[PDB]
Amino acid sequence: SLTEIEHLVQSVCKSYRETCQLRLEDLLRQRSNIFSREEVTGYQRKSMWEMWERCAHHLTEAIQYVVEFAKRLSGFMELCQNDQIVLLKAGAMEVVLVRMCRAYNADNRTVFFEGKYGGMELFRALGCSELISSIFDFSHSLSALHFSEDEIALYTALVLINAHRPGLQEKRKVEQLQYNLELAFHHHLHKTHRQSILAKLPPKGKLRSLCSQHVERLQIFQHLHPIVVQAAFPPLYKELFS
Ligand SMILES: O=C(O)c1ccc(/N=C/c2c(-c3c(Cl)cccc3C(F)(F)F)noc2-c2cc[nH]c2)cc1
């Protein structure tokens, strides 16, 4: 049934639109709005721990939007809670990292952060320059594809719905969702004459390794300087915080 796959594309893109935080038109319109040298120095002089508090708050919010995205994916709520948590634990921050490329400007290597665009030197006080550089580099590689909003929506749905995640109890049910999302993505790329991006997408293991380094650093900061989380998803919170 072709209309079932067309309906799936529509529903995935709708969930993405309802959870994507900033509209692409707003991000693009703000590209000329760049932090001044005075404003960059103000961020660099902030305590590591204040920048950590700010970034942790932004990342928690971003994860929560990804959870809402997943909750609206067809069939996700029909998975058992164990498998929902397995998939979100493994993939929600990977989706956050992919979503960042929308807010990245490859021409001056800046990201939209707290209302204006700034380079990675904005984050100097965190003392994480290698991680920050890796995140910027990863956003650069995606942004060069000119990833469309529907491409991000369908691709990030597949980042989440991955039947190979260790620990799933109902692997056949996740497989069925994955196959339908794969078909939705590939059908959409053919319709829009964008199958050329398939060979240019991040290779196997690159997003995994970047996310692993990223979450490891967040866990170190949270151990040294715990933040208060506006916790909305107790089963997921319990897996990440201790
Ligand atoms: O509302 C809720 O219940 C809820 C629950 C969990 C949330 N995020 C957990 C985080 C964090 C993280 C962040 Cl975002 C900030 C500070 C410290 C961390 C730390 F690393 F300590 F966990 N990093 O990766 C994840 C993650 C989530 C799914 N897969 C990976 C957010 C909101």
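Each residue takes a number counted from 1 along its chain in the order the sequence is written, a numbering that need not match the entry; residues with no coordinates do not appear. Side-chain metrics rest on all non-hydrogen atoms present in the structure, leaving aside hydrogens and water. Residues with missing side-chain atoms are left out of burial classes, side-chain pairs and their counts.

This entry, as listed in the PDB, derives from X-ray crystallography and reports a resolution of 1.6100 Å.

The PDB entry lists the chain under the name Nuclear receptor ROR-gamma, with Homo sapiens given as the organism. For this structure, the PDB header gives the title as "ROR(gamma)t ligand binding domain in complex with allosteric ligand FM26".

S.K.: Tell me about the overall build of the chain, residues and numbers included.
M.R.: A tally of helices and strands in the chain yields ten helices and three strands. Going along the chain from the N terminus, every DSSP run of H or I of four or more residues is numbered as a helix, and every run of E of two or more is numbered as a strand. Starting at the N terminus and walking to the C terminus, you meet the elements of the chain as α-α-α-α-α-β-β-β-α-α-α-α-α. Radius of gyration: over C-alpha atoms. The globule rule applied is 2.2 Å multiplied by the number of residues raised to the 0.38 power. Scaling as 2.2 N^0.38, a compact globule of 242 residues should have a C-alpha radius of gyration of about 18 Å, and the chain matches this with 18 Å. Expressed along its principal axes, the backbone C-alpha trace of the chain runs to roughly 60 × 45 × 30 Å. By definition, residues are in contact when any of their heavy atoms lie within 4.5 Å. Within the chain, counting contacts between residues at least 6 apart in sequence, those at least 24 apart form 80% of the total.

S.K.: Describe the UniProt feature "short sequence motif: AF-2" in the chain, with residues and values.
M.R.: UniProt positions are given in the numbering used here, feature names are shortened, and annotations may be inferred rather than shown by experiment. Under the local residue numbering, the UniProt record ascribes the feature "short sequence motif: AF-2" to residues 236-241. With 83% helix and 0% strand, residues 236-241 has end C-alpha atoms that lie 9 Å from one another.

S.K.: Now, about the state of the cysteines: what can you tell me, with residues and values included?
M.R.: In what follows, a disulfide is any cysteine sulfur pair within 2.5 Å. Considering all chains together, one arrives at zero disulfides under this definition. Note on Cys101: no disulfide assigned, nearest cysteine sulfur contributed by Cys20 at a separation of 12 Å. Burial status follows relative accessibility: with a 1.4 Å probe on protein chains alone, a residue under 20% of its type maximum counts as buried, one over 50% as exposed, and anything between as partly exposed. What makes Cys101 buried here is its relative accessible area of 5%.

S.K.: Got a sec to walk through the environment of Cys55? Specific residues and values, please.
M.R.: Along the chain, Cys55 turns up in helix α4 (residues 48-71). For the pair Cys55 and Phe123, spaced 68 residues apart in the sequence, the C-alpha separation amounts to 9.6 Å. When sequence neighbours within four positions are dropped, the list of residues in contact with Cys55 reads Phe113, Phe123 and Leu126.

S.K.: Give me the lowdown on the site of the ligand, citing residues and values where you can.
M.R.: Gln64, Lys89, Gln219, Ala232 and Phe233 are the nearest of the 22 residues found near the ligand. Within 3.5 Å is the distance limit for a polar contact, defined as a pair of N or O atoms, with the added protein rule that one can donate a hydrogen and the other accept it, and that residues adjacent in sequence qualify only through two side-chain atoms. A distance of 3.3 Å is found between a nitrogen atom of the ligand and a backbone nitrogen or oxygen belonging to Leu88. In the model, an oxygen atom of the ligand is placed 2.8 Å from a nitrogen or oxygen of the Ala232 main chain. Each accessible area is a Shrake-Rupley estimate made with a 1.4 Å probe; only the visible protein chains count as cover when residues are assessed. For the ligand, whose free accessible area comes to 630 Å², the fraction covered by protein is 99%. When at least one non-hydrogen atom of a residue lies within 4 Å of a molecule or strand, that residue is treated as near it.

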